[PDB]
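**Q** First the structure, then my questions, so here it is.
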Amino acid sequence: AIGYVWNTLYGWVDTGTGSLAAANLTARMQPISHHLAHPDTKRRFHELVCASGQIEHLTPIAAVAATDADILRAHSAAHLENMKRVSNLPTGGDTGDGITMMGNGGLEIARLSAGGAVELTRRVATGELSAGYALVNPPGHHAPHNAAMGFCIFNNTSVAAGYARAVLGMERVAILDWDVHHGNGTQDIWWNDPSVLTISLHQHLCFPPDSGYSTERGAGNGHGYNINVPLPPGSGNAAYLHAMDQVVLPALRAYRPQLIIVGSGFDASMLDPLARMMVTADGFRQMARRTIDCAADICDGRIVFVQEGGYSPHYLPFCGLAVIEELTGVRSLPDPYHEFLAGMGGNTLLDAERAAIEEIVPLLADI
Ligand SMILES: O=C(CCCCCCC(=O)C(F)(F)F)Nc1ccccc1
Ligand SMILES: [K+]
Ligand SMILES: [K+]
Ligand SMILES: [Zn+2]
């Protein structure tokens, strides 16, 4: 039994008329119909899940709105009120950073997104479901304790981990983030806390700026329980898999969490505009396979995938379907881009990719 969350409203997120920042007449930034982060990309993933027949092998899980209490396990009271404030606006607006807009009443979607991750987590921890994928939107991993950041209103995976901790009585949770951008928000929230291990693989210095160095390791009792794996631009399947086997899986095995949550972004894909990595659907399949198999060994298979980024409306759906096919064990479709992307490279571990991954190995000893 594999849980699956999609709520119609995830496809209704209002990203405005700009590309990234707002449309801007002085700067001569022409309005456009599809902002980089337009919800269509993730809706296409859902429709592919359905049209492929994969949905026949899933157990649909209705999202429940994250309460104020759920949100406060990961965020400050000032953050929550500010988001209520912004959501009350006639056309809503920018949440603070200039690129993260909430539409009017947008808070309802932000609660359903966080809440989808919570509900899926609850039913897996219960033993109703062995595992699941929550295809939520807006994403979560850039939102720190006290802010919205980089399209993220609330930190979905941290709301879920906070629920696993406080309500389900779990002692140890791991959050593995393979969205191509640094999970700065998740790092921030659990910084001082050894009871949540946070692992981020990312393109070095992609987003946020000046963030996600390997020297960011947590603090206090949480020192040694934040792991960053910054990778050079151009890294593909070989680099990601090397990183899985040499860093991620050993970290997880050393840590012994009771639940693995995956911040699952597909913006490391070969065709993504918002990074320069070369991962293909098979790369993501192989990453999902190894993490699921790891979960089966160390925490009775309790693994929850939660949607993060990815900006290719053409390719993301097939990267996403590959991960769901690994959960259900049922293959629906080939990757119709495979032969096209195959010759492009990324499948060889380059010396500089190896050196980047080898820098993190010593950190394993402190877990
Ligand atoms: O770099 C950006 C774009 C942010 C990229 C957003 C990545 C978000 C995700 O993939 C996720 F949605 F959070 F998962 N903006 C920016 C950064 C610094 C100065 C001015 C603008
Ligand atoms: K990441
Ligand atoms: K931590
Ligand atoms: Zn991203």
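Ordering of the structure tokens sets the chain letters (A, B, ...); residue numbers start at 1 within each chain; ligands are numbered from 1 in the order shown.
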Which residues are near ligand 2 in this structure, taking near to mean any atom at most 10 Å from a ligand atom and counting only C-alpha atoms and all ligand atoms? Format them as a compact mmCIF listing (two decimals) with N, CA and C atoms, in the first residue's frame.

**A**
```txt
# COMPACT_ATOMS: atom_id res chain seq x y z
N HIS A 141 11.31 23.72 1.08
CA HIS A 141 12.64 23.56 1.71
C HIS A 141 13.49 24.82 1.93
N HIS A 142 13.12 25.94 1.28
CA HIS A 142 13.83 27.20 1.45
C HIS A 142 13.32 28.05 2.62
N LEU A 176 16.14 14.00 3.72
CA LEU A 176 17.00 13.95 2.57
C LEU A 176 16.38 14.82 1.45
N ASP A 177 17.13 15.83 1.04
CA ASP A 177 16.68 16.85 0.07
C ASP A 177 17.55 16.75 -1.17
N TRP A 178 16.99 16.24 -2.26
CA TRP A 178 17.72 16.18 -3.53
C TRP A 178 17.22 17.14 -4.61
N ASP A 179 16.35 18.06 -4.21
CA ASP A 179 16.07 19.24 -5.02
C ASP A 179 17.45 19.83 -5.32
N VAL A 180 17.64 20.42 -6.48
CA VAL A 180 18.97 20.84 -6.90
C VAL A 180 19.46 22.09 -6.12
N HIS A 181 18.55 22.76 -5.43
CA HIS A 181 18.92 23.91 -4.61
C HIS A 181 19.11 23.56 -3.15
N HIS A 182 19.98 24.32 -2.48
CA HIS A 182 20.25 24.11 -1.06
C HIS A 182 18.99 24.21 -0.24
N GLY A 183 18.74 23.20 0.59
CA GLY A 183 17.66 23.28 1.57
C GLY A 183 18.03 24.09 2.81
N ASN A 184 18.20 25.40 2.62
CA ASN A 184 18.58 26.33 3.71
C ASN A 184 17.52 26.44 4.83
N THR A 186 15.29 24.12 5.84
CA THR A 186 15.29 22.90 6.63
C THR A 186 16.55 22.82 7.54
N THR A 198 19.45 16.45 8.70
CA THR A 198 19.12 17.10 7.44
C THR A 198 20.28 16.93 6.46
N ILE A 199 19.97 16.38 5.29
CA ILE A 199 20.94 16.12 4.25
C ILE A 199 20.48 16.86 3.00
N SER A 200 21.34 17.68 2.45
CA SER A 200 21.03 18.33 1.18
C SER A 200 22.11 18.06 0.11
N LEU A 201 21.69 17.51 -1.03
CA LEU A 201 22.54 17.48 -2.22
C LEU A 201 22.14 18.70 -3.04
N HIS A 202 23.10 19.45 -3.57
CA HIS A 202 22.69 20.61 -4.38
C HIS A 202 23.82 21.07 -5.27
N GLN A 203 23.48 21.76 -6.36
CA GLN A 203 24.47 22.53 -7.11
C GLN A 203 25.05 23.63 -6.21
N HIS A 204 26.38 23.66 -6.09
CA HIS A 204 27.08 24.61 -5.22
C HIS A 204 26.70 26.03 -5.62
N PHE A 207 21.20 28.22 -5.44
CA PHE A 207 20.26 28.96 -4.64
C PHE A 207 20.03 28.30 -3.25
N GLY A 212 25.02 26.65 1.81
CA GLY A 212 25.14 25.22 1.49
C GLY A 212 26.55 24.68 1.37
N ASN A 228 25.68 18.94 4.15
CA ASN A 228 25.59 19.50 2.80
C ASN A 228 26.54 18.82 1.86
N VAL A 229 26.04 18.47 0.66
CA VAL A 229 26.85 17.90 -0.42
C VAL A 229 26.76 18.82 -1.65
N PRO A 230 27.51 19.96 -1.63
CA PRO A 230 27.53 20.83 -2.80
C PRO A 230 28.29 20.17 -3.97
N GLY A 263 12.77 15.28 0.48
CA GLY A 263 12.44 16.52 -0.20
C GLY A 263 12.75 16.26 -1.66
N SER A 264 11.72 15.89 -2.42
CA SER A 264 11.94 15.37 -3.76
C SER A 264 11.68 16.45 -4.83
N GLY A 265 12.76 17.07 -5.28
CA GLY A 265 12.73 18.02 -6.39
C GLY A 265 13.33 17.35 -7.62
N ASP A 267 14.55 19.44 -10.21
CA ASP A 267 15.28 20.50 -10.90
C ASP A 267 16.78 20.24 -11.15
N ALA A 268 17.28 19.09 -10.70
CA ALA A 268 18.60 18.60 -11.12
C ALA A 268 18.52 17.92 -12.49
N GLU A 308 9.30 18.86 -3.93
CA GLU A 308 9.97 20.19 -3.89
C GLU A 308 9.94 20.88 -5.27
N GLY A 309 11.08 21.27 -5.82
CA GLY A 309 11.11 22.00 -7.12
C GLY A 309 11.18 21.18 -8.40
```

**Q** Running DSSP on the backbone, which parts of segment 187-239 of chain A land in strand (DSSP E or B), as JSON, numbers by chain?

**A** {"A": [196, 197, 198, 199, 200, 201, 202, 203, 226, 227, 228, 229, 230, 231, 236]}

**Q** Restricting it to C-alpha atoms, dump the selection as a JSON list (two decimals), in the first residue's frame.

**A**
```
[["chain", "number", "residue", "atom", "x", "y", "z"],
["A", 196, "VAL", "CA", 16.33, 15.54, 12.87],
["A", 197, "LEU", "CA", 19.19, 14.79, 10.47],
["A", 198, "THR", "CA", 19.12, 17.10, 7.44],
["A", 199, "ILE", "CA", 20.94, 16.12, 4.25],
["A", 200, "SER", "CA", 21.03, 18.33, 1.18],
["A", 201, "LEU", "CA", 22.54, 17.48, -2.22],
["A", 202, "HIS", "CA", 22.69, 20.61, -4.38],
["A", 203, "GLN", "CA", 24.47, 22.53, -7.11],
["A", 226, "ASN", "CA", 23.42, 18.79, 9.11],
["A", 227, "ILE", "CA", 25.13, 17.38, 5.94],
["A", 228, "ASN", "CA", 25.59, 19.50, 2.80],
["A", 229, "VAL", "CA", 26.85, 17.90, -0.42],
["A", 230, "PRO", "CA", 27.53, 20.83, -2.80],
["A", 231, "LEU", "CA", 28.23, 19.53, -6.34],
["A", 236, "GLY", "CA", 24.82, 14.01, -13.67]]
```

**Q** To test your reading of the structure, identify every residue in segment 24-162 of chain A that backbone DSSP assigns to alpha helix (DSSP H), and report it as a VMD selection string.

**A** chain A and resid 40 to 51 68 to 72 77 to 87 107 to 125 156 to 162

**Q** Tell me, in Å to one decimal, how far atom CA of residue 90 of chain A is from atom CA of residue 71 of chain A.

**A**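 Spanning atom CA of residue 90 of chain A to atom CA of residue 71 of chain A is a straight-line distance of 24.0 Å.
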
**Q** Can I get the residues close to ligand 3 as a count of residues only, where close means within 7 Å and we count only C-alpha atoms and all ligand atoms?

**A** 14

**Q** Kindly give the distance, in Å, that separates atom CA of residue 208 of chain A and atom CA of residue 311 of chain A, rounded to a single decimal.

**A**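 Atom-to-atom, atom CA of residue 208 of chain A to atom CA of residue 311 of chain A, that is 16.6 Å.
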
**Q** So that I can check the surroundings of residue 336 of chain A, please list as an MDAnalysis selection string every protein, DNA and RNA residue that reaches within 12 Å of it, counting only C-alpha atoms and ignoring chain neighbours fewer than 2 positions away.

**A** chainID A and resid 280:282 314:315 317:319 322 333:334 338:342

**Q** Could the residues in this selection be saved with N, CA and C atoms as a compact mmCIF listing (two decimals), in the first residue's frame?

**A**
```txt
# COMPACT_ATOMS: atom_id res chain seq x y z
N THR A 280 18.89 12.40 -15.27
CA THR A 280 17.81 11.97 -16.17
C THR A 280 16.78 11.22 -15.31
N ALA A 281 15.65 10.86 -15.89
CA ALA A 281 14.66 10.09 -15.14
C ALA A 281 15.27 8.81 -14.53
N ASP A 282 16.19 8.15 -15.24
CA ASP A 282 16.83 6.95 -14.70
C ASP A 282 17.70 7.25 -13.49
N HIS A 314 8.04 19.79 -19.66
CA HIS A 314 8.21 18.70 -20.65
C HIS A 314 8.73 17.42 -19.96
N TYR A 315 9.83 17.56 -19.23
CA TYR A 315 10.51 16.42 -18.63
C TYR A 315 10.16 16.00 -17.17
N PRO A 317 7.47 15.54 -15.46
CA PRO A 317 6.51 14.44 -15.26
C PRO A 317 7.09 13.02 -15.35
N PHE A 318 8.03 12.79 -16.29
CA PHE A 318 8.67 11.49 -16.44
C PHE A 318 9.71 11.21 -15.37
N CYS A 319 10.37 12.24 -14.85
CA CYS A 319 11.28 12.07 -13.71
C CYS A 319 10.51 11.69 -12.46
N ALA A 322 8.96 8.11 -12.66
CA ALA A 322 10.00 7.13 -12.36
C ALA A 322 10.09 6.88 -10.89
N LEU A 333 5.55 3.14 -18.01
CA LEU A 333 5.99 3.78 -19.24
C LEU A 333 7.52 3.85 -19.32
N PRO A 334 8.09 3.80 -20.54
CA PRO A 334 9.47 4.19 -20.73
C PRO A 334 9.65 5.73 -20.65
N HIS A 338 14.66 9.25 -23.30
CA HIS A 338 15.90 8.54 -22.94
C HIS A 338 17.00 8.59 -24.01
N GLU A 339 16.68 8.16 -25.23
CA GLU A 339 17.71 8.04 -26.26
C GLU A 339 18.31 9.42 -26.59
N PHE A 340 17.45 10.43 -26.60
CA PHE A 340 17.80 11.84 -26.80
C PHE A 340 18.78 12.40 -25.75
N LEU A 341 18.61 12.07 -24.47
CA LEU A 341 19.43 12.67 -23.41
C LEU A 341 20.70 11.86 -23.12
N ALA A 342 20.66 10.59 -23.56
CA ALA A 342 21.65 9.55 -23.22
C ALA A 342 23.05 9.90 -23.71
```

**Q** Report the distance between atom CA of residue 58 of chain A and atom CA of residue 13 of chain A in Å, rounded to one decimal place.

**A**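 Separation between atom CA of residue 58 of chain A and atom CA of residue 13 of chain A: 24.6 Å.
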
**Q** Here is a test: counting only C-alpha atoms, which residue of A:64, A:50, A:148, A:254 is nearest to residue 78 of chain A?

**A**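 So, comparing all the options, the nearest one is A:148.
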
**Q** Excluding same-chain residues fewer than 3 positions from residue 84 of chain A, what lies within 9 Å of it counting only C-alpha atoms, as a list in words?

**A**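 Contacts, in chain order: residues 79, 80, 81, 87, 88, 105, 106 and 107 of chain A.
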
**Q** Okay, now the selection with N, CA and C atoms, as an mmCIF file, in the first residue's frame?

**A**
```cif
data_model
loop_
_atom_site.group_PDB
_atom_site.id
_atom_site.type_symbol
_atom_site.label_atom_id
_atom_site.label_comp_id
_atom_site.auth_asym_id
_atom_site.auth_seq_id
_atom_site.Cartn_x
_atom_site.Cartn_y
_atom_site.Cartn_z
ATOM 1 N N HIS A 79 6.113 34.473 11.810
ATOM 2 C CA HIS A 79 6.062 34.031 10.419
ATOM 3 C C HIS A 79 4.610 33.737 9.998
ATOM 4 N N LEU A 80 3.907 32.980 10.835
ATOM 5 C CA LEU A 80 2.553 32.527 10.554
ATOM 6 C C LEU A 80 1.579 33.701 10.383
ATOM 7 N N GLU A 81 1.672 34.679 11.285
ATOM 8 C CA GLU A 81 0.853 35.883 11.228
ATOM 9 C C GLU A 81 1.145 36.722 10.001
ATOM 10 N N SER A 87 -1.889 36.970 2.912
ATOM 11 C CA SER A 87 -2.946 36.211 2.258
ATOM 12 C C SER A 87 -4.264 37.002 2.222
ATOM 13 N N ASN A 88 -4.437 37.917 3.175
ATOM 14 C CA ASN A 88 -5.654 38.761 3.240
ATOM 15 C C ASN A 88 -5.746 39.844 2.137
ATOM 16 N N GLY A 105 -5.967 34.769 -0.385
ATOM 17 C CA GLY A 105 -6.351 33.482 0.239
ATOM 18 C C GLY A 105 -5.366 32.315 0.040
ATOM 19 N N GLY A 106 -4.204 32.609 -0.542
ATOM 20 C CA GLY A 106 -3.120 31.643 -0.759
ATOM 21 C C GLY A 106 -2.662 30.802 0.433
ATOM 22 N N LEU A 107 -2.840 31.327 1.646
ATOM 23 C CA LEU A 107 -2.604 30.571 2.879
ATOM 24 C C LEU A 107 -3.346 29.226 2.937
#
```
